[PDB]
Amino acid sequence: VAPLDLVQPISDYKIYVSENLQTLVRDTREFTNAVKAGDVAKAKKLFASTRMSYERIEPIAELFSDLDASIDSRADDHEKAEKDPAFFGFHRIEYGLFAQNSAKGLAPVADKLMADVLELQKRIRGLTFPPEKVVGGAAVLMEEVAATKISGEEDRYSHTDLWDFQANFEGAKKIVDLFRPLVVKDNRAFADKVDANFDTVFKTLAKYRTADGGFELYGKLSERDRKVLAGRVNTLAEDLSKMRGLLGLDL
């Protein structure tokens, strides 16, 4: 595998990220408009679905550490937690909507979220994606899910973590799928192993799908459920890290 072989997959990945950002902009528009309108019910219903586009592009959105913190920080990232004036983004609005059942004081937070999302789109549009950051970032993301997100810290008011996880897994799988034509040439066996490993993770989540095809809240996963999921997600981290090496990206 040579550097030139990575150009097309990376170009396809930028398209994938661009498409997700377009969707994120639209969804965030609808979501923040509902928040501003005081429509608590609609805003809550659009919370997880809106965030999926952002969660899908996490392998590289985490590179823009500035916007990522502003858009997606949790309460414990700020001194005064939920009461901190510097606590912005999705989770600040999540606190108001889900824990307090209220849109009060959230309009300025909604404004800033929309502006941060529009800025993120602008930044990524002018960004050249290094293939090592794409593949490696996906590997780090998988470890983050298993080792840091596993107790449901991300969405501690809505408990919509399964939507985030699903989106994270989809975003990492997209990277695997894009590089499969390169990997399959000399490493078909490994290529299928990664597919099988992702399958196992998706099947694991499918157990927590509801009767009507939605997701359960994260509290439905027992301690055993979480430990097992974490172990299976670790294999994804390991697969992507090995894939980086096989693509010649360690030099």
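Numbers follow the displayed sequence, beginning with 1.
Remark: stretch with higher mean C-alpha B factor among 240 to 248 and 1 to 9 is 1 to 9. On average the C-alpha atoms of 122 to 130 have higher B-factors than those of the other stretch, with 122 to 130 and 135 to 143 being the two compared. Taking only the listed residues 158, 148, 166, 102, the entry reports the highest CA temperature factor at 102.
Annotation for 28, 210, 197, 49: 210 ranks highest, by Cα B-factor. The entry lists a Cα temperature factor for residue 170 that places it in the lowest third of the chain's modelled residues. Ranked by C-alpha B-factor against the other modelled residues of its chain, residue 54 falls in the lowest third. Annotation for residue 45: CA B-factor lies in the middle third of the chain's modelled residues. Residue 75 sits in the highest third of its chain by CA B factor, as recorded in the PDB entry. Ranked within its chain, residue 193 lands in the lowest third, by CA B factor from the PDB record.
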